[PDB]
Amino acid sequence: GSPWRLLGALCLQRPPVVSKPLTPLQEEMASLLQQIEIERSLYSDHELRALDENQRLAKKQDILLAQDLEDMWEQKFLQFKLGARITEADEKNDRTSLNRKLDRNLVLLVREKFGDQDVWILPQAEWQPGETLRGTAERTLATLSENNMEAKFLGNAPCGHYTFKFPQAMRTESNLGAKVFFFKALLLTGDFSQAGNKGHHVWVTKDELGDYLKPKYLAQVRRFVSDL
Amino acid sequence: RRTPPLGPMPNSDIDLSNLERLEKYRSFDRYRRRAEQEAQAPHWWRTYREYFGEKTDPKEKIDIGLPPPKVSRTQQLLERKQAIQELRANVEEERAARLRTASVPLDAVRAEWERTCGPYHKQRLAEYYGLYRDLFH
Amino acid sequence: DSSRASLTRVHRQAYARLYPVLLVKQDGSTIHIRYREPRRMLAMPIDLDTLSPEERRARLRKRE
Amino acid sequence: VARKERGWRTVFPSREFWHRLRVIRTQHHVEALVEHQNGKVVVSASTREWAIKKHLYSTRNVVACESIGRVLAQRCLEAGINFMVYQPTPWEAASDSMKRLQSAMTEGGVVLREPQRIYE
Amino acid sequence: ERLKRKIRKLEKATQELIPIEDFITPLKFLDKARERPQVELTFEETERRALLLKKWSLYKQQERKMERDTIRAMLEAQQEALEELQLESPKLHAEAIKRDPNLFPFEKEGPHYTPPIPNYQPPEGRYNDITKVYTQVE
Amino acid sequence: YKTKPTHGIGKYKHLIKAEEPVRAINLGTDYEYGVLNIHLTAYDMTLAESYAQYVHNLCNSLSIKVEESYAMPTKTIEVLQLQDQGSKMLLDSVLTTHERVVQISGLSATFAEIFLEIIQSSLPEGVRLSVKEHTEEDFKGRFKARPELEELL
RNA sequence: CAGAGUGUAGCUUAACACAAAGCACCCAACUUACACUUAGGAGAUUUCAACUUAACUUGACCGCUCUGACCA
Ligand SMILES: [Mg+2]
């Protein structure tokens, strides 16, 4: 044993739901690549079908021309409405919902009471003898508000570690502090139920991690949390 | 009967335990660059440089010329860096380089060359022609 | 991100022109693809055969 | 009438020359050397030199390689060096940089081929 | 006995790789009727494409720098945790360095362009595969 | 010469890994994975090829041995959508599925999570990433079937 | 907050000056891809003084890592 409590933490991440928006330079490179592709591309079947129509006009059996078919195709596309890339949650800044910030990657932050203080931390559970450290992280998922979340733990090695020391009153030879080892996981399916959505959980990006986390704690969480 | 090597044998640092993990040359040029470097180094075994390389006094050649001029490297580096940024800023300079139409003024190059590297290149030429060997022993 | 290896063009020496098409999947999610004809959107349909026999008995009237 | 170092048939490059042009291309610079078979460097032109560098947009492109050839050719004539051998690799010879550098040398009066030795 | 002798000799025929359609050029492309007119490009356009590709070289380099730095940050963070775990609990550390058995197969799907529409009824149809069949014959 | 100190100055075969002029199976240690297959399946051939090239170049940067990079037979599917007010399915579009495989060996146990994170985050839209441990069944999937051989069975 | 060491872009006991160098990197074409090769792209002395000089020696200045304290 030791005066260090071994705790296991879960870095549950929601991978981007939608592709990121191309940047200005990427927007230009994308157009240039498309232009180059057309120049080096052979005539398509539709393109040739249109050339025949042009020849017909010069002289003066498919009733529908190549351009006519395109007009019908465009109409159908305009009728169909695409799923909003920016959800209603983004408008309300509802950070308790997995819908907002689809392009970015979100992390799970839970508010727990430590020393009669409200501190935002990653879901953690104390280690129990006879169980691997990653086993503790998996237990953290179950020991939460009612949820059907399913996670894919990647590897057994701890991604990071944060060490803190209890205050003088709590601090003793038996219990000086705790060692928190983080474990990455991906949220395949599921979300916190409405009954468990009352509060104390906030899905936030890496940029917004600092707002909820402490200075020293944030410094270690950021290292393994992927900016990309 | 075997005799211990009289020094570090070639290709001995190479760790043979993880041969697959080592980085290979992959190119003739990279091997040649390393090969020429190794040839220049001195070796305990007999080499072509020994028999054919000129035998000259190890002591450095006495310098009997004028002292080198005093140059402030910090100011010199500052001006040169600013000069290149000015040159590269011009769009016409970039276009000429990209289209391979740019050239250098040979007369201006030689004027600067005389002030800068020319004295040291003339010394190298005089050394190659044996002027120092024959004029100042 | 997705843009790390997204921007590309056909690298074949001889290829026919391909037009960007939005492929609408059964769930409604859409992904940009390259198609032979200048369509604007393509919808992937739900396949009836996959449906189980118990459901089809009651979904025969529902299909109507 | 001076003897060239014949031999070395199984290795590259040949030593059968009195002077040779050697071009060293680095990641950032271009350097061309004229050296005797004994390893001494007679004349040299490099983009590291300020005299050349200030007139170049880039010191690693074809224009830099062509400029080095033009500058080296002038220094060669001033040193009385009119003939030398150039021993490139197959890819170096095909490259446009070496083609332009060789053209500058030939247009500058350097032949890039040495006369044969007179044995008799 | 005769059957056994034949079976031993069957394996002499080595396996043959299945051709890949993507690499094989379609024959229809050979026709010169299906040829772009190959319009030439203006001088000003070549400048815009050249300067754009120069900017692309540096933008991609900065992109690679972030990816390289991200892997460096993750590797150092993971190593430090492994060092701390060994000191705190050597038995726990030994388990952490083992290879995950149930990790694979690891399947992931690229992020779509738009999120799925909750109430979307795709017009039913049928998927028919035209993939050919290539059988090796002695 | 044997007696001289310089004996063996020109030995080189030890430096080069010996190569012998149907294929042995490879597995991993308790701290390393075996041969793995990275399956990049995407409707857009360019995106599948693009990410296959990216994954290959990423492995080189991380000093991860890439055993082989190849492609699988293209899968073609016909999308027959019901004609309006008609009982007969009519062809609407043809969709091809293109797969590219990158084979890696020697992936470390600890580093696996780092590698998967990088190649999972950079996945393009519409590209499916499936990583599977190599097996003889996969290698036989790229070789044609022998009906005659099965008939004799 | 304090102490300690430490400082060229990613590495370098590169940098005498004639010069901030070599390699590692990034794009394009070639290659199924990789690799090779070709043709391109990006760039550093933390800052200010100190006796000529000073990437180098001195001090401050700034960054960096390490240790201790504060630290649920
Ligand atoms: Mg490459």
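All chains are named by letter (A, B, ...) in the order of the sequence lines, taking the proteins before the strands, and each is independently numbered beginning at 1. All heavy atoms count here, side chains included; hydrogens, waters and symmetry mates do not.
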- Task: Answer with base, sugar-phosphate or nothing: what part of the nucleic acid does F:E68 contact at a heavy-atom distance below 4.0 Å?
- Result: nothing

- Message: Does the protein touch nucleotides 39-52 of chain G at the base, only the backbone, or not at all? Give it as B, S and - per nucleotide, heavy atoms under 4.0 Å.
- Response: SBBBB-B------B

- Message: Taking any heavy-atom pair under 4.0 Å as a contact, classify A:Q168: base, sugar-phosphate, or nothing.
- Response: sugar-phosphate

- B:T74 side chain near G:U53 phosphate (N/O to OP1/OP2, under 4.0 Å): no

Please output the side-chain donor-acceptor pairs of residues 40-49 of chain F that fall under 3.5 Å, not counting sequence neighbours, one pair per line with the distance.
unit_1, atom_1, unit_2, atom_2, d
F:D44, OD1, C:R34, NE, 3.4
F:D44, OD1, F:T46, OG1, 3.0
F:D44, OD2, C:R34, NE, 3.2
F:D44, OD2, F:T46, OG1, 3.1
F:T46, OG1, C:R34, NE, 3.0
F:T46, OG1, C:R34, NH2, 2.9
F:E49, OE1, C:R12, NH1, 3.0
F:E49, OE2, C:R12, NH1, 3.2
F:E49, OE2, C:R12, NH2, 2.8
F:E49, OE2, F:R100, NH2, 3.4

- Query: Under 5.5 Å centre to centre and under 30° between the ring planes, is that true for the bases of G:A49 and G:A50?
  - Reply: yes

- Message: Surrounding CG of A:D118 (heavy atoms of other residues, nucleotides or ligands, distance under 6.0 Å), is the total greater than 12?
- Response: yes

- Given G:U31, G:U32, G:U38, which nucleotide is nearest the side-chain atoms of E:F23? G:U32

- Message: With a 4.0 Å cutoff (strictly under), does any side-chain N or O of D:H29 reach OP1 or OP2 of G:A21?
- Response: yes

- Measure up the F:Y51 and F:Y54 rings against each other and bin them: parallel (under 30°), tilted (30 to 60°), perpendicular (over 60°). parallel

- Query: Okay, side chain of B:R26, backbone of B:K24: is any donor-acceptor separation there less than 3.5 Å?
  - Reply: yes

- Query: For F:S69 and G:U32, is the shortest distance between a side-chain N/O and OP1 or OP2 below 4.0 Å?
  - Reply: no

- Based on the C1'-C2'-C3'-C4' dihedral, does G:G10 have a north or a south sugar? north

- Query: Is it true that G:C11 and G:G22 form a pair, Watson-Crick or G-U wobble, with both distances below 3.5 Å?
  - Reply: yes

- Query: Are OP1 or OP2 of G:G10 and a side-chain N or O of E:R68 less than 4.0 angstrom apart?
  - Reply: no

- Any side-chain N or O of D:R48 under 4.0 Å from OP1/OP2 of G:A19? no

- Sugar of G:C25: specify north or south by the sign of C1'-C2'-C3'-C4'. north

- When you check the phosphate oxygens OP1 and OP2 of G:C36, does a side-chain N or O of B:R30 lie under 4.0 Å from one of them? yes

- Message: G:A33, OP1 or OP2 - any side-chain N/O from F:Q103 closer than 4.0 Å?
- Response: no

- Mind telling me the pucker class of G:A50, north or south, from the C1'-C2'-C3'-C4' torsion? north

- Task: Would you indicate what F:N60 reaches in the nucleic acid, counting non-hydrogen atoms under 4.0 angstrom: base, sugar-phosphate, or nothing?
- Result: sugar-phosphate

- Proximal nucleotide (of G:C36, G:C70, G:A20) relative to the B:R26 side chain: G:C36

